[PDB]
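The structure under discussion appears below in the form of structure tokens.
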Amino acid sequence: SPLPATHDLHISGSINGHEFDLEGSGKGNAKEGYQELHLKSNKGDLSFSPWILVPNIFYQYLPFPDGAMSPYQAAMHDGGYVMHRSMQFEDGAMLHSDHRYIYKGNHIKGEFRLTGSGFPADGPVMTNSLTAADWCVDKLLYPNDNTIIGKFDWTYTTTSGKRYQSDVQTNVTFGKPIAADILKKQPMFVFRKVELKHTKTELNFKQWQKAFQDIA
Amino acid sequence: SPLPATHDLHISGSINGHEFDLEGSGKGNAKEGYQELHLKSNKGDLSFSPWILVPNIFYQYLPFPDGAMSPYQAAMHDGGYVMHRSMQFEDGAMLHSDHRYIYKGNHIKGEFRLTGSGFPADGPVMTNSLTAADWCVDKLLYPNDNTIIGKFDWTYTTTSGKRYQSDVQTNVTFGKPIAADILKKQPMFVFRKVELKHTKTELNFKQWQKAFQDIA
Amino acid sequence: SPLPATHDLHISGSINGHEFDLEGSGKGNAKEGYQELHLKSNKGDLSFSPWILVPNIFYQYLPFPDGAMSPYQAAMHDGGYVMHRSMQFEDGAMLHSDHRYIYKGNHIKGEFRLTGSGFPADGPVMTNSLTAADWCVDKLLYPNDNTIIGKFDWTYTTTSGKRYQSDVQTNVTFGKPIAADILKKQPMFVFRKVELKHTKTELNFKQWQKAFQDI
Amino acid sequence: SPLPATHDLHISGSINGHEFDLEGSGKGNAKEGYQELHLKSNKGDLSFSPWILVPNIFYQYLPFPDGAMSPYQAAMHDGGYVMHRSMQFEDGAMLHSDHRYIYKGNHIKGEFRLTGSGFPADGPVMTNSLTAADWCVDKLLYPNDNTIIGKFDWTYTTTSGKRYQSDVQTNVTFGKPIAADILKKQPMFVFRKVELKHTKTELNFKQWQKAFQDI
């Protein structure tokens, strides 16, 4: 049926052993790749940079080239999917997440669970020193008919001027096979840009996305 | 108070998108480093090798050298701890886990949650071809007073004769500071051996452990 | 200070302990990114897939966007640069290289040294089962004014249908500071395509390259 | 077929694009694992911490347990071996090396080539702030009869108190098959300790080593 138009998210888990829990709703344009989302904390002030919740804070808004359904869009009413992502940061920290969804017509409800640990007390996550995430190219491959293995190098700029880097791998597992015509076009890349306004208790996130097999 | 003598575990999560859930109980000797555990499935036959649940299936049974309390033993009645472990396998699979505990006198109850994804359909986890885990040396460092960052190279032998390898990092976060005299002895290593008997629904696990700063 | 038009390569080292040595020459168009190269073995038949020598077989041919010189082209007559590249393969093999260059007007001479090891005897490098390399996006960052640290995920298709993957990092070190206006545009990405035809003793290589900051 | 008693090393390459070259000699006891080595620079003051040249500054000095020859000692008069080592540092730097040897009776001559790059100008290698290397356990596996693939996590202490970490993999490739009875004992671990005293031009290095399968 339809592409999604609106979504909500409950995201919870712990960073360095401290529990956090946020929820909120947003919307987007699934032909353009754009979405935005507001979150508010249920457990008081975040003790860590809200920027570490990106990329984790909805590829059902991502089309494939020339208006084709991405595998995420096609699965939405046919079998669904989950994601499992790993971020391994340069200073020894790690952050994993599980991503699950429920659809009600053109509305997506996400339930994401995250565990992040090992962030140094004086590093840029626990001092709120991340300032922006660099624009990013995601590389996707499909090693079998129901799995995407994707990877990107993820870097934030920070207040000291040094970037903060992590290796990010995302495995996406589908309830039914991906269409043969999607499977034959590998690798697929996706260019993304994000913005985030935030306080200690609230986030306003925006993201643009565009898949490509080749450039102009 | 006492070192632990008995424990139980509920461990659940998903592998390649399929949910699993096991529970059972065991016991050990916290002066010798030895424990054993029985698990039985609540959700029918496992669709994956039970060996992939090791190392995940209790360092409160591990003493430090010369009968000293390990940081895990000392935290047990003073602040507690959690663990976050990552296994990144050579064929692109990933498995993360969160480890939490509740103590009632000398009894430990564990509640572990795992997400593993990306195991190839013909690889050794999804074909039940893992045969044993190699003996292993864990290296621990304490980058601050409440955190252990530990690492080991984890390898199983398999029915084809080829080993199956992963990089394993475990971040352990303590509710109160680790004692100064433990913090000053780094790195600490731990030698471990495990055995596992299993069926599609039940596991019988055993593990021996011995911490060392140097060898004979 | 001309852009390069032609280039030679001597590339030697070992794979799994077996010494190899190739040389040959090629040409390209430094306004368009394209280059091509022929190589011939000086030590008999190669005992491994010639495809493993890609990406290692000249970013002086890469312009930056809108007719700008890339940092590689600008260094060419002003301090030079070297590269150090690491390939870490999914099956435990590793391949490192050192890249150095000498320029004579618009001609480049490359001298590259490689050590690869730990390729399984039944894997696709030692069985010559690599069939092509996937198109690739390289992400570059400049952590200081004389260094590029670049990364890509590098995958071959193989005769079995199973891809063969490696993490690739390339650190490029310049003899003089990169221009401030290049340093401000980060990350920079580069999209590349390669072809290779080969025999046991010869390689005929082609590459297209194009830098982009956005799509 | 004597065990080694004495050794020389010529080690050269570059760190962050700056060429370096050292040579010197040492000795050790191949029944006990210990060796020591002196090196002196042929190109002026080192511009980086000499500690970064450890572990790279001779497992022919390592016996295996119970007076057994290690695979390195047995290859010494029977086909030899080379090593390829990769150090991947937590701050993005990389250091690879190629190790080759020539034997004359009980003397070893090493010729090692290294390329390190991407060390931050304010990090502890380029500020000479590494103070010691932590004691270390090396895990070895033999995926086929002529290869060792070994791994350790390598950490220095520094003057700031913050350790400096790297993933280290060493692939060793033999000219003849390793003995079946060595191949059956896997993993094998090796516990090592090092010391280094240094100046801008000289290094005085000591190492203790002991193989173990169990404790």
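Residue numbers (my numbering), protein chains in the order written: chain A, 3 to 218; chain B, 3 to 218; chain C, 934 to 1148; chain D, 934 to 1148. Cβ atoms here follow ideal geometry from the backbone N, Cα and C, with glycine treated the same way.
Taking 9 Å as the Cβ-Cβ cut-off, the segment 1111–1132 of chain C approaches chain A at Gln1119, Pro1120, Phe1122, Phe1124 and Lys1126, given in chain order.
Cβ neighbours of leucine 142/B within its own chain (closer than 8 Å, five residues either side excluded): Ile150, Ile151, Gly152, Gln188, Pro189, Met190, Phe191 and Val192. In the three-state DSSP reduction, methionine 85/A falls in the strand class (E or B).
In terms of beta-carbon proximity, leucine 143/A lines the interface with chain C, with at least one pair separated by less than 8 Å.
Taking 9 Å as the cut-off between beta carbons, the residues of the segment 90–102 of chain A near chain D are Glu92, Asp93 and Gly94, in sequence order.
Residue state for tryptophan 210/B is assigned as strand, using DSSP reduced to three classes. Residue range 8–17 is occupied by the beta strand (DSSP E) that includes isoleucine 17/B.
Positions of the beta strand (DSSP E) runs, each at least 3 residues long and wholly inside the segment 43–123 of chain A, are given as 83–91, 96–106 and 109–119 in order along the chain. The C-beta distance from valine 1058/C to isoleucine 985/C rounds to 5 Å, short enough to fall under 8 Å. Take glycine 107/A, set aside five residues on each side of it, and the residues of its chain with a beta-carbon closer than 8 Å to its own are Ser3 and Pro4, in chain order. Only residues of its own chain outside the window of five on either side were considered, and among them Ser49 and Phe50 have a CB closer than 8 Å to the CB of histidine 20/B, listed in chain order.
Between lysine 186/B and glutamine 1098/D, the alpha-carbon positions lie close to 18 Å from each other.
In the structure shown, the three-state DSSP call for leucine 185/A is helix.
Judged by DSSP in its simplified three-state form, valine 139/B adopts strand. Between the alpha carbons of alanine 76/B and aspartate 140/B lies a distance of about 19 Å.
Contact of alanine 1007/C with chain D is not assigned, every C-beta pair being separated by 8 Å or more. Between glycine 950/C and chain D, the shortest Cβ-Cβ separation is below 8 Å. Identification of chain D residues near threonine 157/B by a Cβ-Cβ cut-off of 8 Å yields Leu1074 and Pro1120, ordered along the chain. Taking 8 Å as the threshold, the shortest C-beta distance from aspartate 1078/D to chain B does not fall below it.
A distance of 8 Å or more separates the beta carbons of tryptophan 210/B and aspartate 1147/D. The closest CA to that of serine 1019/D, considering only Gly1012/D, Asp1011/D and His1029/D, is found on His1029/D. Neighbours of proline 122/B in chain A, taken as residues whose beta carbon is under 8 Å from its own, are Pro145 and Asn146 in chain order. For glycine 1094/C, the secondary structure class from DSSP, reduced to helix, strand or coil, is coil. Beta-bridge annotation (DSSP): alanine 134/B is paired with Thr159/B.
When Cβ-Cβ separations below 8 Å define contact, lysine 33/B makes no contact with chain D.
Excluding its 5 nearest sequence neighbours in each direction, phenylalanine 91/B has C-beta neighbours in its own chain below 6 Å: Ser168, listed in chain order.
If the five residues before and after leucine 64/A are omitted, its C-beta is found closer than 7 Å to the C-beta atoms of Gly35, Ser72, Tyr74, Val192, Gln211 and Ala213, all from its own chain and listed in chain order. With a threshold of 16 other beta carbon atoms within 10 Å, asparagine 1104/D meets it and is buried.
For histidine 86/A, the nearest beta carbon of chain B is closer than 8 Å to its own beta carbon.
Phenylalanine 997/D and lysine 195/A have their C-alpha atoms some 55 Å from each other.
Not flagged as an interface residue toward chain C: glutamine 1142/D, since no C-beta distance is shorter than 8 Å. Between the alpha carbons of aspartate 1086/C and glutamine 1102/C lies a gap of roughly 9 Å. If you check the CB distance, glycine 118/A and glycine 94/A do not come in under 8 Å. Listed along chain A, the residues sitting closer than 7 Å to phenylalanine 1145/C by beta-carbon distance are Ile217. As DSSP reads the structure, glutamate 1135/D sits in a beta bridge with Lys973/D. With a threshold of 8 Å between beta carbons, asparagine 1104/D makes contact with chain C.
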